[PDB]
Participant: 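The structure under discussion is supplied below as structure tokens; questions concerning it will follow.
All ligand and atom numbering here is 1-based and tracks the order in the structure. The figures that follow rest on heavy atoms only: side chains count, while hydrogens, waters and symmetry mates do not. Order of the sequence lines sets the chain letters (A, B, ...), proteins ahead of strands, with each chain counted from 1.
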Amino acid sequence: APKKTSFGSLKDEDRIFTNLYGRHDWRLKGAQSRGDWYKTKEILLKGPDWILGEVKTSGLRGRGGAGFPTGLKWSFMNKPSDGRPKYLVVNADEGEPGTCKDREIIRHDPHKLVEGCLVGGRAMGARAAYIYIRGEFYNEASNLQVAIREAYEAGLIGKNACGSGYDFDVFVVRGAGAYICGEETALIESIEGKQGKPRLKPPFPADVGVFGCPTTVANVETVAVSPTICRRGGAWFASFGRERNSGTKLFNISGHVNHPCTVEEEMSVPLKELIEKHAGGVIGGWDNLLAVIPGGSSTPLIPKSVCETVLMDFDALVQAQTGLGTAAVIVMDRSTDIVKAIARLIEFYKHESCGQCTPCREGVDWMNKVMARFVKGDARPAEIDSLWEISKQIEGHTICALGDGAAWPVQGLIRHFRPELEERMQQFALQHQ
Amino acid sequence: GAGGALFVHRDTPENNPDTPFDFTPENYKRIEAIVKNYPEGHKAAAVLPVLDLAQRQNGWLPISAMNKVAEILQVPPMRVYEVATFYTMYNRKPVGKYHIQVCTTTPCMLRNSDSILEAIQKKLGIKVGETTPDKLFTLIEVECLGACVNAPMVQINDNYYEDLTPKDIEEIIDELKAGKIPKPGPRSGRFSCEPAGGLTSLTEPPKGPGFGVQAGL
Amino acid sequence: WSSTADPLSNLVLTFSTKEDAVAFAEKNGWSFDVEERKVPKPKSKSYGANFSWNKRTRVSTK
Ligand SMILES: NC(=O)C1=CN([C@@H]2O[C@H](COP(=O)(O)OP(=O)(O)OC[C@H]3O[C@@H](n4cnc5c(N)ncnc54)[C@H](O)[C@@H]3O)[C@@H](O)[C@H]2O)C=CC1
Ligand SMILES: Cc1cc2nc3c(=O)[nH]c(=O)nc-3n(C[C@H](O)[C@H](O)[C@H](O)COP(=O)(O)O)c2cc1C
Ligand code: SF4
Ligand code: FES
């Protein structure tokens, strides 16, 4: 029975992050026990073209949140050298509210990330790898440094990594509390000692990146799966999920659920099945569900009527007008002030804007003020359409995608809970004459 | 809401260019190691780690520390001022011995983080911008700490204390001010991002090196 | 107040080309000076030059 049409239950043998909960030693010995750093020399001696082909045929899409096809992106950096060095920059900022996957990947099995850095650098012909870890993740960064030291002493990286005759270094760079530094160009600017302000594209990082050198920015989850994909092949990974939604994924379920947790599951698993299987179900029963944010704060919220059959992949969630993003599930029950949560998200985005460009810098603060007034109910119903137009103006007119991540949540709120805003304004008007 | 901290520096007897600051020799060796991580033509890349090291040695960042870093790295002082004002982990004012930061973002907020905030406020007698008169506790509100699954969560002196209830943070404060080191992590017998009960996945033993390695490799 | 005695202190004419102005001035009997039009020369702008690896064009701040 080819072309599976029902997904959502893969057993442990098909899981990549077998030490997700940190129940086994994360020191190099546990990684070797679990198959980490195995036959890396033979893969390294297969050449960069073979690794790029495996990543392409595996259909893997970027786990940062954009879902860009990883094979094409990594092959963008496959040009002959012109004198400048080449670098791989692994993104570990993890600033999206609701997201905790990269933290666990870094702290509980960092050797997967180190080997992914090695194989990605070989594929991209990168001289060294820079891992930009969130500054608040001090212990995680220290564990990553311990794993890096173990790899350096074991000869897995550095001069003549394994026996491939390939030289490769890994460096860990810590930020200082800035969500905007997760954006690839803002991350590059932060590495070079500047403010975390995104730069315009073109040029793309593959042509003018860190230190003006060709580089590729990749999420830690994307990097950490490439070694196992090489070992088990592109086809094994491409079997899971639907077409163009291949592979497995880490899911964070938080909010109003009985047992919030982080699990690994096949991509196209239905949202209801994931919630009631791994999170123990919505608090107070599935009939107590009000809304669910599927992929972090930047994705629009969907009502309960859509979470009955929607699948957890890029395409289905895009058809649901909500996006997959980082697969961070935030669950809000019927006891939740839906206006308050969206207003808090807009306040977060107002506090995280870098200020560089006019639409974000001004309109996000404007939306924050408008939403703060909406929470109380001081406004008039015409201000709802006004806010819709403000969000429309901001979206697509900013340097980076933070304007999108600020505009989309209010667009979803206005789309799906307009009567609540209207009745709140009515109650305030009748109370205050 | 409003920030509360100004981004204009005015000279003070406690914070002026002639305030004494200097790296220890060990910190100078660490700075050398930090600088040697970048290409030789780009030493401005070390601004962030060196500034963080100055903060770790001193506790906060006086204007003299910023000038010292700018001189060490041969960078104009305005760039160091820019970096110090842009990133919120930099303390341009003195803080307490323990910096209590509580996440008030929506995922954390949904699971009663206001209870944790009010418990801390009642136990210390200060608000979300003030400092204990003993000058050892400081309380602020932060955005999202990346540990949403465990909520509400509080980070103190670069340590995470998760799965908090008011009693948990109260005893954490008690044993912190008693000279003890509370155990970082959750306080619900969970110690990770696992489900609170059942372990609904990864129960079978993990397999060895060559479990499913493809042929021709 | 500011007083004047010459009637042409405010007279300004507009012409499409320099030749038309020269013809008008010549037929009216006035002696003239002509200044050739100044045009800003085209420039080579490069946003990527802001982040150059070895050149002095790299910018310290944005
Ligand atoms: N992991 C986390 O915690 C967070 C994730 N996000 C997600 O980030 C998403 C937006 O990210 P963006 O990078 O701005 O989207 P993007 O589509 O512009 O870029 C995605 C990747 O594809 C590459 N790319 C795109 N077009 C290319 C081209 N023509 N040539 C070469 N390379 C190209 C880019 O270099 C980039 O690395 C959001 O949807 C959000 O969900 C946002 C915040 C935090
Ligand atoms: C405001 C903003 C913040 C972001 N933060 C992160 C982050 O913290 N971690 C991450 O992996 N990607 C983040 N991204 C998306 C990056 O562009 C992404 O990491 C990069 O494209 C890597 O591509 P990949 O998904 O193929 O790995 C952020 C994007 C934006 C606009
Ligand atoms: S959209 Fe916001 S965060 Fe992005 S560059 Fe513009 S001002 Fe900065
Ligand atoms: S919402 Fe609290 S850590 Fe993200």
Participant: Could you list which atoms of ligand 2 come closer than 4.0 Å to a heavy atom of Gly95(A)?
Facilitator: 8 (O)

Participant: Would you mind checking which non-hydrogen protein atom is closest to atom 8 (O) of ligand 2, with the distance to 0.1 Å?
Facilitator: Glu94(A) N, 2.7 Å

Participant: Using non-hydrogen atoms of the residue, decide whether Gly95(A) is closer than 4.0 angstrom to ligand 1.
Facilitator: yes

Participant: Please write down residue, atom name and distance for the protein heavy atom closest to atom 27 (O) of ligand 2.
Facilitator: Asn219(A) N, 2.7 Å

Participant: Could you tell me which non-hydrogen atom of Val210(A) sits nearest to which non-hydrogen atom of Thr215(A), and how far apart they are?
Facilitator: N-CG2, 3.2 Å

Participant: Find the distance between CG (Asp158(B)) and CD (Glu136(A)) and round it off to the nearest 0.5 Å.
Facilitator: 10.0 Å

Participant: Just verifying a value: how many Å separate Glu183(A) CD and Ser190(A) OG, rounded to the nearest 0.5 Å?
Facilitator: 12.0 Å

Participant: Side chain, backbone, both or neither: which applies to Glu96(A) and ligand 1 if a contact is any heavy-atom pair less than 4.0 Å apart?
Facilitator: both

Participant: Looking only at side chains, do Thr99(A) and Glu94(A) share a donor and an acceptor under 3.5 Å apart?
Facilitator: no

Participant: Between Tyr47(C) and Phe51(C), does a ring pair (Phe, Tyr, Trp, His ring centres under 6.0 Å) hold up when you go through it step by step?
Facilitator: CA-CA 8 Å; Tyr47(C) 182 75; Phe51(C) 327 97; 5.5 Å; yes

Participant: Think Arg61(A) forms a cation-pi with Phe314(A), using NZ or CZ under 6.0 Å from the six-ring centre and within 45 degrees of its axis?
Facilitator: yes

Participant: Does ligand 2 have any atom sitting under 4.0 Å from a heavy atom of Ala218(A)?
Facilitator: yes

Participant: Could you see which bit of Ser298(A) sits under 4.0 Å from ligand 1, with heavy atoms only: side chain, backbone, both or neither?
Facilitator: neither

Participant: May I ask you to check whether over 12 heavy atoms, not counting those of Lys201(A), lie within 6.0 Å of atom NZ?
Facilitator: yes

Participant: Measure from atom 21 (O) of ligand 2 to every heavy atom in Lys73(A), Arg134(A), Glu352(A) and give the option owning the shortest one.
Facilitator: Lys73(A)

Participant: Nearest protein heavy-atom contact for atom 15 (C) of ligand 2: which residue, which atom, what distance?
Facilitator: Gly182(A) O, 4.3 Å

Participant: Protein non-hydrogen atoms only, distance under 4.0 Å: does atom 39 (O) of ligand 1 have such a neighbour?
Facilitator: yes

Participant: At a 4.0 Å cut-off, with the gap strictly under it, does some heavy atom of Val217(A) reach an atom of ligand 2?
Facilitator: yes

Participant: To the nearest 0.5 Å, what is the distance between CD1 on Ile302(A) and CG on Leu317(A)?
Facilitator: 6.5 Å

Participant: Considering only non-hydrogen protein atoms, determine which one is nearest to atom 26 (N) of ligand 1 and report residue, atom name and distance to 0.1 Å.
Facilitator: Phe68(A) CE1, 3.7 Å

Participant: If you have a sec, work out which protein heavy atom is nearest atom 27 (C) of ligand 1 and how many Å separate them, to one decimal?
Facilitator: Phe204(A) CE2, 3.6 Å

Participant: Can you tell me how far the CG atom of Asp93(A) sits from the OH atom of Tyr132(A), to the nearest 0.5 Å?
Facilitator: 6.5 Å

Participant: Side chains of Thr262(A) and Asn252(A): any donor to acceptor distance under 3.5 Å?
Facilitator: yes

Participant: Considering the options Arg190(B), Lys183(B), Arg111(B), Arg187(B), which one meets the salt bridge (charged side-chain N to carboxylate O under 4.0 Å, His left out) requirement together with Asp163(B)?
Facilitator: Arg190(B)

Participant: Within a distance under 4.0 Å of any heavy atom of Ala401(A), pick out the atoms of ligand 2 and give their elements.
Facilitator: 31 (C)

Participant: Just jot down the ligand 2 atoms closer than 4.0 angstrom to any heavy atom of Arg63(A), in number order.
Facilitator: 25 (O)

Participant: With atoms numbered from 1 as shown, which atoms in ligand 1 lie under 4.0 angstrom from a non-hydrogen atom of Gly325(A)?
Facilitator: 41 (O)

Participant: Kindly confirm or rule out an N or O of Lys73(A) lying under 3.5 angstrom from an N or O of ligand 1.
Facilitator: yes

Participant: Return the closest protein heavy atom for atom 12 (N) of ligand 2 as residue, atom name and distance.
Facilitator: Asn91(A) ND2, 3.6 Å

Participant: Report the C-alpha distance between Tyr179(A) and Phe348(A) in whole Å, list the side-chain angles of each, state the deciding distance to 0.1 Å, and finish with yes or no for ring pair (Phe, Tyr, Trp, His ring centres under 6.0 Å).
Facilitator: CA-CA 10 Å; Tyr179(A) 158 83; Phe348(A) 163 88; 5.1 Å; yes

Participant: Quick test of your reading of the structure: of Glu352(A), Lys201(A), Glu221(A), whose heavy atom lies closest to atom 18 (O) of ligand 1?
Facilitator: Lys201(A)

Participant: Let me confirm one number: the CZ-SG distance from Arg134(A) to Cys144(B), rounded to the nearest 0.5 Å.
Facilitator: 6.0 Å

Participant: Would you mind checking if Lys101(A) and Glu221(A) are paired as a salt bridge, meaning a charged N to carboxylate O distance below 4.0 Å?
Facilitator: yes

Participant: Could you state the interatomic distance from NE2 (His256(A)) to OG (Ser335(A)), rounded to the nearest 0.5 Å?
Facilitator: 5.0 Å

Participant: Does an N or O anywhere in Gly64(A) fall below 3.5 Å from an N or O of ligand 1?
Facilitator: yes

Participant: By number and element, which atoms of ligand 2 are closer than 4.0 Å to a non-hydrogen atom of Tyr179(A)?
Facilitator: 1 (C), 3 (C)

Participant: Does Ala66(A) come within less than 4.0 Å of ligand 2, judged by its heavy atoms?
Facilitator: no

Participant: Give the total of protein N/O/S atoms at a distance below 2.8 Å from atom 4 (Fe) of ligand 4.
Facilitator: 2

Participant: Classify the contact between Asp93(A) and ligand 2 as side chain, backbone, both or neither, using a heavy-atom distance cut-off of under 4.0 Å.
Facilitator: both

Participant: Charged N to carboxylate O under 4.0 angstrom, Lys112(A) versus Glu115(A)?
Facilitator: no

Participant: With a 4.0 Å cut-off on N to O distance, would you call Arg199(A) and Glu189(A) a salt bridge?
Facilitator: yes

Participant: Compute the shortest N/O to N/O distance between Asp102(A) and ligand 2 and return yes if it is under 3.5 Å, no if not.
Facilitator: no

Participant: Students should be able to answer this: which protein heavy-atom is nearest to atom 29 (C) of ligand 2, and at what distance?
Facilitator: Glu183(A) CA, 3.9 Å

Participant: For the CZ atom on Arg127(A), are there more than 12 heavy atoms of other groups (residues, nucleotides or ligands in this structure) within a distance under 6.0 Å?
Facilitator: no

Participant: Take atom 35 (O) of ligand 1 and look for protein heavy atoms under 4.0 Å from it; say yes if you find one, no if not.
Facilitator: yes

Participant: Only heavy atoms of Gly62(A), strictly under 4.0 Å: list the atoms of ligand 2 that pass.
Facilitator: 24 (P), 25 (O), 26 (O)

Participant: Would you indicate whether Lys79(A), at its atom NZ, is surrounded by more than 12 heavy atoms from other residues, nucleotides or ligands within a distance under 6.0 Å?
Facilitator: yes

Participant: What protein heavy atom lies closest to atom 12 (P) of ligand 1? Include the residue and the distance to one decimal.
Facilitator: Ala66(A) CB, 4.5 Å

Participant: Name all pairs fulfilling the side chain to side chain donor-acceptor pair (under 3.5 Å) condition that reach into residues 316-327 of chain A, sequence neighbours left out, sorted by first residue then second.
Facilitator: none

Participant: Distance under 4.0 Å to a non-hydrogen atom of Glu184(A): what atoms of ligand 1 satisfy this?
Facilitator: 34 (C), 35 (O), 36 (C), 37 (O)

Participant: What do you reckon, are the aromatic ring centroids of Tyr130(A) and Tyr87(A) less than 6.0 Å apart?
Facilitator: yes

Participant: Out of all atoms in ligand 1, which are within 4.0 Å of some heavy atom of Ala401(A)? Include the element for each.
Facilitator: 14 (O)

Participant: What I want to check is whether the side chains of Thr165(B) and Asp168(B) have a donor and an acceptor closer together than 3.5 Å.
Facilitator: yes

Participant: Name the closest protein heavy atom to atom 25 (O) of ligand 2, giving the residue it belongs to and the distance to 0.1 Å.
Facilitator: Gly64(A) N, 2.9 Å

Participant: Go through ligand 1 atom by atom and flag the ones less than 4.0 Å from a non-hydrogen atom of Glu94(A).
Facilitator: 3 (O)

